[PDB]
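The structure file model14.pdb is reproduced below (PDB, C-alpha atoms (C1' of nucleotides) and all ligand atoms).
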MODEL        1
ATOM      1  CA  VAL A   7       0.000   0.000   0.000  1.00  0.00           C
ATOM      2  CA  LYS A   8       2.886   2.345   0.881  1.00  0.00           C
ATOM      3  CA  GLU A   9       6.290   0.633   0.458  1.00  0.00           C
ATOM      4  CA  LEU A  10       4.745  -2.038  -1.769  1.00  0.00           C
ATOM      5  CA  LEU A  11       3.285   0.769  -3.936  1.00  0.00           C
ATOM      6  CA  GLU A  12       6.763   2.353  -3.905  1.00  0.00           C
ATOM      7  CA  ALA A  13       8.590  -0.846  -4.873  1.00  0.00           C
ATOM      8  CA  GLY A  14       6.155  -0.356  -7.844  1.00  0.00           C
ATOM      9  CA  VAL A  15       9.033   1.031  -9.887  1.00  0.00           C
ATOM     10  CA  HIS A  16       9.949   4.082  -7.711  1.00  0.00           C
ATOM     11  CA  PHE A  17      13.318   3.628  -5.969  1.00  0.00           C
ATOM     12  CA  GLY A  18      16.848   2.677  -6.865  1.00  0.00           C
ATOM     13  CA  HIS A  19      18.355   5.064  -9.375  1.00  0.00           C
ATOM     14  CA  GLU A  20      21.893   6.230  -9.976  1.00  0.00           C
ATOM     15  CA  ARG A  21      25.038   4.226 -10.623  1.00  0.00           C
ATOM     16  CA  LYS A  22      28.189   5.413  -8.758  1.00  0.00           C
ATOM     17  CA  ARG A  23      27.448   8.905  -9.971  1.00  0.00           C
ATOM     18  CA  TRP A  24      26.768   9.051  -6.231  1.00  0.00           C
ATOM     19  CA  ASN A  25      27.271  11.625  -3.568  1.00  0.00           C
ATOM     20  CA  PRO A  26      28.729   9.553  -0.713  1.00  0.00           C
ATOM     21  CA  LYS A  27      26.741  11.530   1.900  1.00  0.00           C
ATOM     22  CA  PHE A  28      23.689   9.663   0.737  1.00  0.00           C
ATOM     23  CA  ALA A  29      25.017   6.276   1.827  1.00  0.00           C
ATOM     24  CA  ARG A  30      22.754   6.303   4.920  1.00  0.00           C
ATOM     25  CA  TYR A  31      19.817   6.015   2.484  1.00  0.00           C
ATOM     26  CA  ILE A  32      21.268   3.371   0.205  1.00  0.00           C
ATOM     27  CA  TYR A  33      20.549  -0.355   0.498  1.00  0.00           C
ATOM     28  CA  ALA A  34      22.903  -2.050  -1.943  1.00  0.00           C
ATOM     29  CA  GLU A  35      24.229  -2.112  -5.507  1.00  0.00           C
ATOM     30  CA  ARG A  36      22.039  -4.352  -7.701  1.00  0.00           C
ATOM     31  CA  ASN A  37      23.628  -4.649 -11.073  1.00  0.00           C
ATOM     32  CA  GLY A  38      25.818  -1.495 -11.231  1.00  0.00           C
ATOM     33  CA  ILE A  39      23.029   0.664  -9.818  1.00  0.00           C
ATOM     34  CA  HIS A  40      22.481   2.079  -6.333  1.00  0.00           C
ATOM     35  CA  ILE A  41      19.329   0.808  -4.687  1.00  0.00           C
ATOM     36  CA  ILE A  42      17.808   3.349  -2.264  1.00  0.00           C
ATOM     37  CA  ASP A  43      16.306   1.674   0.828  1.00  0.00           C
ATOM     38  CA  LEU A  44      12.576   2.164   1.158  1.00  0.00           C
ATOM     39  CA  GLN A  45      12.305   1.135   4.792  1.00  0.00           C
ATOM     40  CA  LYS A  46      14.012   4.481   5.405  1.00  0.00           C
ATOM     41  CA  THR A  47      12.061   6.316   2.763  1.00  0.00           C
ATOM     42  CA  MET A  48       9.131   5.191   4.967  1.00  0.00           C
ATOM     43  CA  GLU A  49      10.913   6.978   7.819  1.00  0.00           C
ATOM     44  CA  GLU A  50      11.502  10.325   6.122  1.00  0.00           C
ATOM     45  CA  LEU A  51       8.126  10.515   4.340  1.00  0.00           C
ATOM     46  CA  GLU A  52       6.436  10.395   7.758  1.00  0.00           C
ATOM     47  CA  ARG A  53       8.650  13.181   9.099  1.00  0.00           C
ATOM     48  CA  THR A  54       8.459  15.307   5.952  1.00  0.00           C
ATOM     49  CA  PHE A  55       4.712  14.812   5.586  1.00  0.00           C
ATOM     50  CA  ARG A  56       4.246  15.652   9.256  1.00  0.00           C
ATOM     51  CA  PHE A  57       6.056  18.907   8.520  1.00  0.00           C
ATOM     52  CA  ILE A  58       4.098  19.491   5.296  1.00  0.00           C
ATOM     53  CA  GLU A  59       0.752  18.805   6.970  1.00  0.00           C
ATOM     54  CA  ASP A  60       1.564  21.206   9.852  1.00  0.00           C
ATOM     55  CA  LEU A  61       2.626  23.808   7.314  1.00  0.00           C
ATOM     56  CA  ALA A  62      -0.564  23.548   5.333  1.00  0.00           C
ATOM     57  CA  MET A  63      -3.056  23.538   8.189  1.00  0.00           C
ATOM     58  CA  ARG A  64      -1.846  26.989   9.182  1.00  0.00           C
ATOM     59  CA  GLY A  65      -1.930  29.076   5.972  1.00  0.00           C
ATOM     60  CA  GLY A  66       1.415  27.743   4.708  1.00  0.00           C
ATOM     61  CA  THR A  67       2.587  28.096   1.112  1.00  0.00           C
ATOM     62  CA  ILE A  68       4.947  25.781  -0.711  1.00  0.00           C
ATOM     63  CA  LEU A  69       6.806  26.681  -3.890  1.00  0.00           C
ATOM     64  CA  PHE A  70       7.141  23.513  -5.920  1.00  0.00           C
ATOM     65  CA  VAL A  71      10.253  23.397  -8.019  1.00  0.00           C
ATOM     66  CA  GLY A  72      11.234  20.952 -10.741  1.00  0.00           C
ATOM     67  CA  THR A  73      12.653  21.957 -14.093  1.00  0.00           C
ATOM     68  CA  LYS A  74      13.961  18.664 -15.425  1.00  0.00           C
ATOM     69  CA  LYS A  75      11.824  17.321 -18.237  1.00  0.00           C
ATOM     70  CA  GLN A  76      10.590  14.210 -16.442  1.00  0.00           C
ATOM     71  CA  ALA A  77       8.942  16.344 -13.741  1.00  0.00           C
ATOM     72  CA  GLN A  78       7.977  19.506 -15.658  1.00  0.00           C
ATOM     73  CA  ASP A  79       4.456  18.356 -16.474  1.00  0.00           C
ATOM     74  CA  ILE A  80       3.919  16.668 -13.072  1.00  0.00           C
ATOM     75  CA  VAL A  81       4.891  19.660 -10.934  1.00  0.00           C
ATOM     76  CA  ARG A  82       2.507  22.030 -12.692  1.00  0.00           C
ATOM     77  CA  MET A  83      -0.417  19.572 -12.405  1.00  0.00           C
ATOM     78  CA  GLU A  84       0.080  18.784  -8.753  1.00  0.00           C
ATOM     79  CA  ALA A  85       0.866  22.435  -7.987  1.00  0.00           C
ATOM     80  CA  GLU A  86      -2.254  23.871  -9.684  1.00  0.00           C
ATOM     81  CA  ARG A  87      -4.040  20.980  -8.032  1.00  0.00           C
ATOM     82  CA  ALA A  88      -3.061  22.441  -4.637  1.00  0.00           C
ATOM     83  CA  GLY A  89      -3.079  26.197  -5.424  1.00  0.00           C
ATOM     84  CA  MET A  90       0.554  26.454  -4.482  1.00  0.00           C
ATOM     85  CA  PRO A  91       3.056  28.085  -6.841  1.00  0.00           C
ATOM     86  CA  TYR A  92       5.483  26.138  -8.968  1.00  0.00           C
ATOM     87  CA  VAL A  93       8.656  26.706 -10.908  1.00  0.00           C
ATOM     88  CA  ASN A  94       8.646  24.788 -14.123  1.00  0.00           C
ATOM     89  CA  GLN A  95      10.824  26.249 -16.885  1.00  0.00           C
ATOM     90  CA  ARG A  96      14.032  28.076 -15.791  1.00  0.00           C
ATOM     91  CA  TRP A  97      14.614  28.804 -12.207  1.00  0.00           C
ATOM     92  CA  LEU A  98      15.570  32.457 -12.492  1.00  0.00           C
ATOM     93  CA  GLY A  99      18.483  33.784 -10.507  1.00  0.00           C
ATOM     94  CA  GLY A 100      17.140  35.400  -7.416  1.00  0.00           C
ATOM     95  CA  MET A 101      13.512  34.297  -7.533  1.00  0.00           C
ATOM     96  CA  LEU A 102      13.968  34.137  -3.764  1.00  0.00           C
ATOM     97  CA  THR A 103      16.984  36.231  -2.748  1.00  0.00           C
ATOM     98  CA  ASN A 104      15.913  38.853  -5.264  1.00  0.00           C
ATOM     99  CA  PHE A 105      12.147  38.329  -5.016  1.00  0.00           C
ATOM    100  CA  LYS A 106      11.612  42.073  -4.583  1.00  0.00           C
ATOM    101  CA  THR A 107      12.981  42.604  -8.080  1.00  0.00           C
ATOM    102  CA  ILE A 108      11.701  39.526  -9.880  1.00  0.00           C
ATOM    103  CA  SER A 109       8.068  40.154  -8.748  1.00  0.00           C
ATOM    104  CA  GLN A 110       8.098  43.513 -10.502  1.00  0.00           C
ATOM    105  CA  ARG A 111       7.608  41.295 -13.576  1.00  0.00           C
ATOM    106  CA  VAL A 112       4.668  39.364 -12.218  1.00  0.00           C
ATOM    107  CA  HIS A 113       3.251  42.915 -11.892  1.00  0.00           C
ATOM    108  CA  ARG A 114       4.152  43.508 -15.547  1.00  0.00           C
ATOM    109  CA  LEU A 115       2.686  40.142 -16.506  1.00  0.00           C
ATOM    110  CA  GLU A 116      -0.674  41.017 -15.003  1.00  0.00           C
ATOM    111  CA  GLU A 117      -0.540  44.537 -16.458  1.00  0.00           C
ATOM    112  CA  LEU A 118      -0.002  42.927 -19.891  1.00  0.00           C
ATOM    113  CA  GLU A 119      -2.621  40.308 -19.220  1.00  0.00           C
ATOM    114  CA  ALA A 120      -4.695  43.552 -18.909  1.00  0.00           C
ATOM    115  CA  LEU A 121      -4.041  44.425 -22.540  1.00  0.00           C
ATOM    116  CA  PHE A 122      -5.430  41.068 -23.729  1.00  0.00           C
ATOM    117  CA  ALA A 123      -8.920  42.525 -24.032  1.00  0.00           C
TER     118      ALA A 123
ATOM    119  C1'   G B   1      16.284 125.526 -15.726  1.00  0.00           C
ATOM    120  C1'   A B   2      16.603 120.171 -17.560  1.00  0.00           C
ATOM    121  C1'   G B   3      18.225 117.700 -21.951  1.00  0.00           C
ATOM    122  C1'   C B   4      22.264 118.487 -24.865  1.00  0.00           C
ATOM    123  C1'   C B   5      27.435 120.124 -26.648  1.00  0.00           C
ATOM    124  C1'   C B   6      32.721 122.006 -26.057  1.00  0.00           C
ATOM    125  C1'   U B   7      37.259 123.463 -21.684  1.00  0.00           C
ATOM    126  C1'   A B   8      39.903 121.858 -17.525  1.00  0.00           C
ATOM    127  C1'   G B   9      40.077 118.365 -12.954  1.00  0.00           C
ATOM    128  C1'   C B  10      38.639 113.842 -10.916  1.00  0.00           C
ATOM    129  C1'   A B  11      37.208 108.707 -10.880  1.00  0.00           C
ATOM    130  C1'   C B  12      37.701 105.688 -15.246  1.00  0.00           C
ATOM    131  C1'   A B  13      37.607 103.909 -20.169  1.00  0.00           C
ATOM    132  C1'   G B  14      40.726 101.464 -24.352  1.00  0.00           C
ATOM    133  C1'   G B  15      44.201  97.106 -25.489  1.00  0.00           C
ATOM    134  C1'   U B  16      43.124  91.640 -32.109  1.00  0.00           C
ATOM    135  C1'   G B  17      49.182  92.613 -25.829  1.00  0.00           C
ATOM    136  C1'   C B  18      50.151  87.008 -23.018  1.00  0.00           C
ATOM    137  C1'   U B  19      48.438  82.462 -21.351  1.00  0.00           C
ATOM    138  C1'   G B  20      43.358  77.304 -25.373  1.00  0.00           C
ATOM    139  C1'   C B  21      47.818  73.193 -19.473  1.00  0.00           C
ATOM    140  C1'   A B  22      43.806  78.643 -15.523  1.00  0.00           C
ATOM    141  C1'   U B  23      38.526  78.685 -18.426  1.00  0.00           C
ATOM    142  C1'   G B  24      33.219  78.848 -20.456  1.00  0.00           C
ATOM    143  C1'   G B  25      30.989  78.345 -24.862  1.00  0.00           C
ATOM    144  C1'   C B  26      31.282  76.309 -29.511  1.00  0.00           C
ATOM    145  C1'   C B  27      33.960  72.906 -32.959  1.00  0.00           C
ATOM    146  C1'   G B  28      37.240  68.708 -34.829  1.00  0.00           C
ATOM    147  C1'   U B  29      38.314  63.672 -34.103  1.00  0.00           C
ATOM    148  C1'   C B  30      38.244  58.279 -32.986  1.00  0.00           C
ATOM    149  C1'   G B  31      33.084  57.137 -35.084  1.00  0.00           C
ATOM    150  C1'   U B  32      27.055  56.744 -36.914  1.00  0.00           C
ATOM    151  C1'   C B  33      31.821  52.735 -34.862  1.00  0.00           C
ATOM    152  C1'   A B  34      28.249  49.471 -31.510  1.00  0.00           C
ATOM    153  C1'   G B  35      29.278  50.473 -27.893  1.00  0.00           C
ATOM    154  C1'   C B  36      29.205  52.774 -22.378  1.00  0.00           C
ATOM    155  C1'   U B  37      26.690  52.102 -17.865  1.00  0.00           C
ATOM    156  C1'   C B  38      23.223  51.464 -13.666  1.00  0.00           C
ATOM    157  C1'   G B  39      19.643  49.283  -9.663  1.00  0.00           C
ATOM    158  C1'   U B  40      18.881  44.900  -6.946  1.00  0.00           C
ATOM    159  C1'   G B  41      20.534  39.770  -6.763  1.00  0.00           C
ATOM    160  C1'   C B  42      24.318  36.367  -7.014  1.00  0.00           C
ATOM    161  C1'   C B  43      30.301  35.204  -7.269  1.00  0.00           C
ATOM    162  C1'   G B  44      35.052  37.085  -5.287  1.00  0.00           C
ATOM    163  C1'   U B  45      39.175  38.823   1.115  1.00  0.00           C
ATOM    164  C1'   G B  46      39.555  42.384  -2.922  1.00  0.00           C
ATOM    165  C1'   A B  47      40.350  45.229  -7.371  1.00  0.00           C
ATOM    166  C1'   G B  48      36.460  43.451  -9.802  1.00  0.00           C
ATOM    167  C1'   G B  49      33.021  39.777 -12.125  1.00  0.00           C
ATOM    168  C1'   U B  50      28.110  38.263 -13.757  1.00  0.00           C
ATOM    169  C1'   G B  51      24.071  41.004 -16.317  1.00  0.00           C
ATOM    170  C1'   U B  52      26.966  42.658 -21.476  1.00  0.00           C
ATOM    171  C1'   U B  53      31.407  35.092 -21.873  1.00  0.00           C
ATOM    172  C1'   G B  54      28.133  31.057 -25.381  1.00  0.00           C
ATOM    173  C1'   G B  55      24.932  29.423 -30.333  1.00  0.00           C
ATOM    174  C1'   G B  56      22.356  31.741 -34.057  1.00  0.00           C
ATOM    175  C1'   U B  57      20.797  36.281 -36.607  1.00  0.00           C
ATOM    176  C1'   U B  58      21.049  41.804 -37.847  1.00  0.00           C
ATOM    177  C1'   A B  59      23.168  47.815 -40.374  1.00  0.00           C
ATOM    178  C1'   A B  60      23.186  47.719 -34.867  1.00  0.00           C
ATOM    179  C1'   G B  61      24.292  45.368 -27.043  1.00  0.00           C
ATOM    180  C1'   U B  62      18.816  44.263 -33.712  1.00  0.00           C
ATOM    181  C1'   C B  63      16.334  40.169 -32.510  1.00  0.00           C
ATOM    182  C1'   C B  64      16.163  34.968 -30.936  1.00  0.00           C
ATOM    183  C1'   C B  65      17.895  30.958 -28.146  1.00  0.00           C
ATOM    184  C1'   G B  66      20.630  29.885 -23.870  1.00  0.00           C
ATOM    185  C1'   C B  67      22.494  31.253 -18.913  1.00  0.00           C
ATOM    186  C1'   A B  68      22.746  33.477 -11.481  1.00  0.00           C
ATOM    187  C1'   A B  69      20.486  36.505 -12.916  1.00  0.00           C
ATOM    188  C1'   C B  70      15.776  39.845 -13.303  1.00  0.00           C
ATOM    189  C1'   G B  71      15.339  44.636 -15.046  1.00  0.00           C
ATOM    190  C1'   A B  72      16.790  49.602 -16.458  1.00  0.00           C
ATOM    191  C1'   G B  73      19.615  53.856 -18.524  1.00  0.00           C
ATOM    192  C1'   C B  74      22.954  56.737 -22.296  1.00  0.00           C
ATOM    193  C1'   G B  75      23.469  54.872 -27.215  1.00  0.00           C
ATOM    194  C1'   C B  76      20.958  51.622 -32.045  1.00  0.00           C
ATOM    195  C1'   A B  77      16.037  52.095 -33.976  1.00  0.00           C
ATOM    196  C1'   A B  78      11.600  54.901 -33.889  1.00  0.00           C
ATOM    197  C1'   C B  79       9.199  59.796 -33.298  1.00  0.00           C
ATOM    198  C1'   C B  80      11.373  65.083 -37.345  1.00  0.00           C
ATOM    199  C1'   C B  81      12.549  66.912 -42.849  1.00  0.00           C
ATOM    200  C1'   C B  82      13.388  65.767 -48.304  1.00  0.00           C
ATOM    201  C1'   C B  83      12.675  62.355 -52.500  1.00  0.00           C
ATOM    202  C1'   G B  84       9.341  58.212 -54.588  1.00  0.00           C
TER     203        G B  84
HETATM  204 MG    MG C 201      42.011  72.393 -25.045  1.00  0.00          MG
HETATM  205 MG    MG C 202      47.965  76.646 -30.609  1.00  0.00          MG
ENDMDL
END

Structure rendered as structure tokens:
Amino acid sequence: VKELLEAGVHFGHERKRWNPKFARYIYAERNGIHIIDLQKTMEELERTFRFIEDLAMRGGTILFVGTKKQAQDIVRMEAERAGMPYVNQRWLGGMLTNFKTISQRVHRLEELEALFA
RNA sequence: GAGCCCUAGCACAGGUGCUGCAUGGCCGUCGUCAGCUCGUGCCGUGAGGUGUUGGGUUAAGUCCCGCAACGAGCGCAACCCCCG
């Protein structure tokens, strides 16, 4: 239901293209490829989802980010489907640290929206 | 008696005499070449860098694509005149 739904095909990826700080999450090497251990994915999903839940049930807002082409279409769907914002194409330099300045273009976007009709 | 005009005296005028390395103003010139910058972010101990390195395209930093940058300004172009 959980970790049987995950073993679906939704774990193990890379192949000694690894960052060795991620060893605490790794189970073994099946066939040249690192197999991430789901019994510990279990663990972090509970902790992360606890933190997400909390966040939501108090007016919290979560910027979803994923630009790589496998996730592009997923992140937009799920993001619209929660009314949270998403970054999908390029992540622009300073969307956060320069948010003051980048927003000024959201304000331009809507003011150009306003010359549609 | 005030304009006004000559005589002498007083202040002063006059100087195309010097310095264009004391200057203003205006002009030439590189060059109508495609450049030169800024605000915030980010990188760097720092000068500084990114933006404005790359690929394409244009008469052009013109436009596109890309990208720790997102924008903007002086330029380019347009707004002006002539010719068709
Ligand atoms: Mg001079
Ligand atoms: Mg001389």

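Comparing the minimum interatomic distances between ligand MG 201 (chain C) and each of B:21, B:26, B:67, B:82, counting all atoms listed in the file, we find that B:21 sits nearest.
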
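Selection result for the displayed file, with the PyMOL selection byres (((chain A and resi 96) around 12) and not hetatm) as criterion, is residues 71, 72, 73, 74, 75, 78, 92, 93, 94, 95, 97, 98, 99, 100 and 101 of chain A; 66, 67, 68 and 69 of chain B.
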
Atoms to include: C-alpha atoms (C1' of nucleotides). Write the selected residues as a PDB file, in the coordinates of the input.
ATOM      1  CA  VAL A  71      10.253  23.397  -8.019  1.00  0.00           C
ATOM      2  CA  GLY A  72      11.234  20.952 -10.741  1.00  0.00           C
ATOM      3  CA  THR A  73      12.653  21.957 -14.093  1.00  0.00           C
ATOM      4  CA  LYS A  74      13.961  18.664 -15.425  1.00  0.00           C
ATOM      5  CA  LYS A  75      11.824  17.321 -18.237  1.00  0.00           C
ATOM      6  CA  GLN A  78       7.977  19.506 -15.658  1.00  0.00           C
ATOM      7  CA  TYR A  92       5.483  26.138  -8.968  1.00  0.00           C
ATOM      8  CA  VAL A  93       8.656  26.706 -10.908  1.00  0.00           C
ATOM      9  CA  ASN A  94       8.646  24.788 -14.123  1.00  0.00           C
ATOM     10  CA  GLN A  95      10.824  26.249 -16.885  1.00  0.00           C
ATOM     11  CA  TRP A  97      14.614  28.804 -12.207  1.00  0.00           C
ATOM     12  CA  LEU A  98      15.570  32.457 -12.492  1.00  0.00           C
ATOM     13  CA  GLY A  99      18.483  33.784 -10.507  1.00  0.00           C
ATOM     14  CA  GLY A 100      17.140  35.400  -7.416  1.00  0.00           C
ATOM     15  CA  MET A 101      13.512  34.297  -7.533  1.00  0.00           C
TER      16      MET A 101
ATOM     17  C1'   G B  66      20.630  29.885 -23.870  1.00  0.00           C
ATOM     18  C1'   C B  67      22.494  31.253 -18.913  1.00  0.00           C
ATOM     19  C1'   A B  68      22.746  33.477 -11.481  1.00  0.00           C
ATOM     20  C1'   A B  69      20.486  36.505 -12.916  1.00  0.00           C
TER      21        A B  69
END

Hits of the PyMOL selection byres ((chain B) within 9 of (chain A)) in this structure, as JSON, numbers by chain: {"B": [40, 41, 42, 68, 69, 70, 71]}

Result set of the PyMOL selection byres (((not hetatm)) within 12 of (chain C and resi 201)) on the coordinates above, as a list in words: residues 20, 21, 22, 23, 24, 27 and 28 of chain B

Close residues, residue 52 (chain B) itself excluded, 12 Å, only C-alpha atoms (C1' of nucleotides), min 2 positions apart in chain, as a ChimeraX atom specification: /B:35-37,49-50,61

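For the residues A:37, A:67, A:45, A:76, ranking by smallest atom-to-atom distance to residue 90 (chain A) using all atoms listed in the file places A:67 first.
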
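Candidate residues A:87, A:23, A:113, A:56 were compared for distance to residue 38 (chain A), and the nearest is A:23, using all atoms listed in the file.
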
Two-atom distance - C1' of residue 78 (chain B), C1' of residue 33 (chain B) (Å): 20.4 Å

Interatomic distance (Å, one decimal) between CA of residue 18 (chain A) and CA of residue 51 (chain A): 16.2 Å

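Rounded to one decimal, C1' of residue 60 (chain B) and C1' of residue 31 (chain B) lie 13.7 Å from each other.
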